[PDB]
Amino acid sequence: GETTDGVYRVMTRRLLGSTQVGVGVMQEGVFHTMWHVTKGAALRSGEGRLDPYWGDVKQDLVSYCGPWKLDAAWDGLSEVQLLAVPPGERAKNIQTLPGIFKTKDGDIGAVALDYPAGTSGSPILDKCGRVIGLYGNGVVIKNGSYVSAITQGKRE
């Protein structure tokens, strides 16, 4: 299939038309997305098939064809960019300063950008271009607006 590094849409025909359920990153032969996008299901790329290798419902992450590859982290300070890939619309960089998810286990980056569900899995970038996690699991605030964690996995 297409094994080229970069960002992808995740489509199903199981509903009406071709419906974008999410986004993911191909890097070093491995596809990364959020568990709630695929539910662990296998993926088609050309004739090529992509089979799940690692996942965790609680982290809401899943890799295909190999172990999780993305190790870079938000530094707590600098601005970032959501490389947002919405349904039927072109990939598009938003620059933003992340807020914080404060949790009984620790603190995580939060990006307060409001985008459809089918955008879940779009990657978050540092200034060097490295992916520091994925947008699309989070929380609805007082306003009615949406705020996402920066979700990153571990690399062995």
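Position 1 is the first residue in the sequence shown; the rest follow in order.
Student: Out of 60-68 and 99-107, which one has CA B-factors that are higher on average in the deposited record?
Tutor: Higher mean C-alpha B-factor in the PDB entry: 99-107.
Student: Higher mean Cα B-factor in the deposited model: 121-129 or 44-52?
Tutor: In the deposited entry, the stretch with the higher C-alpha B-factor mean is 44-52.
Student: Looking at the entry's B-factor column for C-alpha atoms only, identify whether residue 26 ranks in the lowest, middle or highest third of its chain.
Tutor: Answer is lowest: the recorded C-alpha B-factor places it there.
Student: What third of its chain, lowest, middle or highest, does the C-alpha temperature factor of residue 17 fall into?
Tutor: As the PDB entry reports it, the C-alpha B-factor of residue 17 lands in the middle third of its chain.
Student: What third of the chain does residue 92 rank in for C-alpha temperature factor, lowest, middle or highest?
Tutor: Within its chain, residue 92 is a highest-third residue by C-alpha B-factor, going by the deposited values.
Student: Taking the C-alpha B-factors as the PDB entry records them, is residue 145 in the lowest, middle or highest third of its chain?
Tutor: As the PDB entry reports it, the C-alpha B-factor of residue 145 lands in the highest third of its chain.
Student: If you rank every modelled residue in this chain by C-alpha B factor, which third holds residue 37: lowest, middle or highest?
Tutor: Ranked within chain, residue 37 CA B lands in the middle tercile.
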